[PDB]
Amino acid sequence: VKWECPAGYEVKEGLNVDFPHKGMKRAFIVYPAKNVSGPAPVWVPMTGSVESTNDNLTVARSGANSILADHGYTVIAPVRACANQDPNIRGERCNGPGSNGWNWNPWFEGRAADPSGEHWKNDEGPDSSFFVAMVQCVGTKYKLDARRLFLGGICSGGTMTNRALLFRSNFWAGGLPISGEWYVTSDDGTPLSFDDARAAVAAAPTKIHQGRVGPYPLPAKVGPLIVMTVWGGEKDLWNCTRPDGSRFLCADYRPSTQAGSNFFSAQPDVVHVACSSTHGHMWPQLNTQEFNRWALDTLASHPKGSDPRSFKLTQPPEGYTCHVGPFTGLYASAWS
C-alpha cells in the first residue's frame, strides 16, 4: 500500500466530495477510529440498492456501520456513483439495471448479461479502483493499518465486495459480502438467466462456478485474505420491480453465497468463514451491533499475510451459525 491523494485533495473527517477518479467526481464519509493509538484497522461498508449510505451508516436496522468507529476502526464509506454524491439518496436512480455494460446500477459490481458487458470480464471497473484510491488518500491523514483494510456490504454492496476481493486481492486484507450475488455463468463464461444460474448451482453445489461478479475466468490464485460470506436463510431473496411497479423474483442468495464460499474456501491463502442467519435479505437483524463487532474483530484477527492454519474462529452472537470452509447447510450433500 502507498498513501497518496489526488493532487491538492484535502481529506477531512466526515463527508468528502468531488474526489476525482477515472473522470467521475466521487464522495465518501470518514469516521476516524476511537480509543486507538497507532495505525487503525479499516472498515469500508457499502449500502445496497435502496438504503442510503447515511442509512447504512447510522440507522440501526440498516447496520449503523459508523458505530464501528467507536469500536476502534476507521470507517471509510463510499457513496454510490448513481447517487451523484448525495449520501441520503435511497433507491432514486440507483435501484435498477445498470448501463454501459454493468449489470446493476448501485455499484459497478458485475458485467451485464449481454455483449456490452464483455469489456468488464477483465477490468475491475471504476468502483473497485475508486475504493483503493479512497483508502490510499485517507491514509495520508489518518494512520491506517495496511494489513487490516476490510470492505463489506449488503445486497449490491455484497456483490461489490465479492468483485473487489477478486480483482484487488493484493490490496484488501479481507471482506464481508452479506447476501451478495455471484451471477453464476457456465464454465465458458456464457451468462445464465436467474433460473438457469440457480439450477446450475443446485446441480453441482460443491463445485467452483464462474460468475459475472468477477474476472472471466476467475483467478487461479488470489492474494491472502479472510472472507466471511453471510446468507440470511430461506427468505434471503430479492424481488425486482418492473417499470409498471409489479414485483418478480430476480435473485436468490443461497446459490450465490454457496458459490462464493466454494471459490474462496478452495483458495490456499484465503480463510473463508461461512455464516448463516435467518433474517432474510437485509443487514443482519438479530443482535446487529454484536454481529458487526464479532464479524470485524474476526476479520481483524487474520491480518494480511497471516497463516490460515493459525486462524481461530470464536463463537458468533446468538442468531448465527458459522464455520471455516464452504457452506454446507444449503444443499444436500453427495454422500446423502
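The numbering used is simple: start at 1 and walk along the sequence shown.
The PDB entry records a higher mean C-alpha B factor for 8 to 16 than for its counterpart among 320 to 328 and 8 to 16.
When the two stretches 156 to 164 and 184 to 192 are set side by side, the higher mean Cα temperature factor goes to 184 to 192. Within the selection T74, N122, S128, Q258, the deposited Cα B-factor values reach their highest point at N122. Of the candidates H272, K304, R309, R293, the one whose C-alpha carries the top B factor in the deposited record is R309.
Ranked within its chain, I67 lands in the middle third, by CA B factor from the PDB record. Among all modelled residues in its chain, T298 ranks in the lowest third by Cα B-factor. Sort the chain's modelled residues by C-alpha temperature factor and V79 lands in the lowest third, per the entry. The entry lists a Cα temperature factor for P243 that places it in the highest third of the chain's modelled residues. In the PDB entry, a CA B factor belonging to the middle third of its chain's modelled residues is recorded for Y253.
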